[PDB]
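The data below hold one chain only, encoded as structure tokens and taken in the form deposited in one PDB entry.
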């Protein structure tokens, strides 16, 4: 079980909106996590006796920038870790975490980015989610925009979150329009788009890289929540999503026995496999997280309380809850992150504080 071993506060005193452990850190090396808040990204190293060692920050040139999200990947030739960050400016930055240098940046239409996720099987494929109602898939090896997920049947308002399934064959996105949309990326069209993005070398051709515009999702539902869906994650062939109604719903498209890969775009049914209720987390912009093995689920609330569900149960509705409190932790917990071995849980707050819980 978890015990709070340390806490700290960042100098800017602004909320921390994101935290991510590097699950790509090498064997023997200490555990490293990134935090995002104000116009800054900061790296910390976890040590024994609850020590958190401050490393280095990337500070944006624009004092008005607000970083909302960050994601770890690695260089496809050298295996060296890389960090992607984005926020209110709508600029994706790829940072070398060693020197904290921005090595490259991407701009779509330049509208705020709410979330970044790297493909689970391809370190080069970066998904961004935006306030401009679209999702974008980038190939950071060839610096190309592979596809835009939006359009005529896409999200009708700001996209807040998205997630890849286990194999990275499909994406589930959600947002302010109350819907959850499924986008299949193993279609012939998307497989060909990805292949072509790898074959693109502008020094070797005349054609622009031709990005796909995907106007139609493979499934859509507004039957789960009755407000903004601000967080989504796959749990195998199941979905975990939350709104600001003090609940994470575990559901699936179609009827109970319907296979996710036989689901058609016209599908009108959803099946609810359970709901995890909690308290005082009815404000927008609160993220839940799972550990690497998806044995645990974590979410913080508006008043500094942490909830942890044990998912190692036969059916989702049988999950066992544990609550984590500390008399000095009273600010809203915006995001949590587990280390790869799930031995450490970091929570980040509205008052720029960082809390370390060791298993």
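Positions refer to the first chain, counted from 1.
Not pictured, yet referred to below: the form solved in complex with a partner chain.
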{"property": "Contact test in the deposited complex: residue 25 vs the partner chain, heavy atoms, 4.5 Å", "result": "yes"}
{"property": "Exercise: residue 238 in contact with the partner chain in the deposited complex, heavy atom 4.5 Å", "result": "yes"}
{"property": "Partner contact for residue 308 in the deposited complex: the partner chain, 4.5 angstroms, heavy atom", "result": "no"}
{"property": "Contact flag, residue 72 vs the partner chain in the deposited complex, heavy atom cut 4.5 Å", "result": "yes"}
